Each structure stands twice: as C-alpha cells, then as structure tokens.
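Worksheet for the structure shown next.
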Amino acid sequence: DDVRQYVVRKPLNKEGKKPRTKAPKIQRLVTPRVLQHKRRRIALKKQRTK
RNA sequence: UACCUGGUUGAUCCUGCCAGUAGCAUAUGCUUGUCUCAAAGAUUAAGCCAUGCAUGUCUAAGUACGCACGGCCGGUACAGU
Numbered sequence: 151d152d153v154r155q156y157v158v159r160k161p162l163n164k165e166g167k168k169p170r171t172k173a174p175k176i177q178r179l180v181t182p183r184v185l186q187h188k189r190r191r192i193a194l195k196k197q198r199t200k
C-alpha cells in the first residue's frame, strides 16, 4: 500500500488568515533518491575491483 | 680621553683610610611653553575582595506538524524564512 494519503493532517484556525492544514515530512519512505544513493554505493565497489 | 684632588706635621718623605668627581635606577623636593615616541600595585601581604564584563557555534548538504511570519492551492516524502 501507499503510505501517503493515510498520513494524519492537523487543521489550523485563527481570526486573521484563511484556514490551513499541516502534516510532517515522512522519515523512512524509500523514494527514488534513496535508491539512487544505493546504486552508487555499489558502483564504487566495482570501480575499486577493476 | 689607558687621568686624579682636599685631610695626620713646627716643616719633610711614606703607609693607609675618610671626603670629593662621572654614569646608572627606585623614592622625593622646587619648577614648566610647543612637538614625536612610551615604562607604569614586581619589592611590603602567592594578603582579602562589593559590582559589570572576560567562550561560544548553522550550511545547497543530521532531526522543522512553533498560527511565529507567509504564497494563490495543492503536501505529489515535503515550499519558504
């Protein structure tokens, strides 16, 4: 399942500005950038053996 | 700049020390217009200390749900300060 969309949201209300909602940055999500760092980590091992 | 002078006797020649003469660095007295440098609670007590200051620190790159401030609307991890 997708871990996004199920994340809890916090509503903001005050007399001045419009309503808003907040949610946190997620800390173990395995995005494409995490996978890209894992690929270079093993490309450096191959280069040293050559 | 490798230098001496007064003082023992009625007078002389010596020994020998006292006093004078020049510099240096601590205190102290009288006196003082301009201008460039600049030592300064060591000496006695490593004695006793009111008050203030004398050591802090963030980048594109460890952790941002602070309505704290904010956008054109939306969290697509999640904007931005």
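Heads up: the first sequence begins at 151 in the authors' numbering, then just goes up one per residue.
For each residue, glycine too, the CB sits at the ideal point set by N, CA and C.
A straight line joining the alpha-carbon of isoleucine 176 with that of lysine 164 spans about 27 Å.
With contacts defined by Cβ atoms closer than 8 Å, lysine 172 and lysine 160 form a contacting pair. Where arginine 183 is concerned, the enclosing alpha helix (DSSP H) starts and stops at 182 to 199. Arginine 154 and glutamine 197 have their C-alpha atoms some 37 Å from each other.
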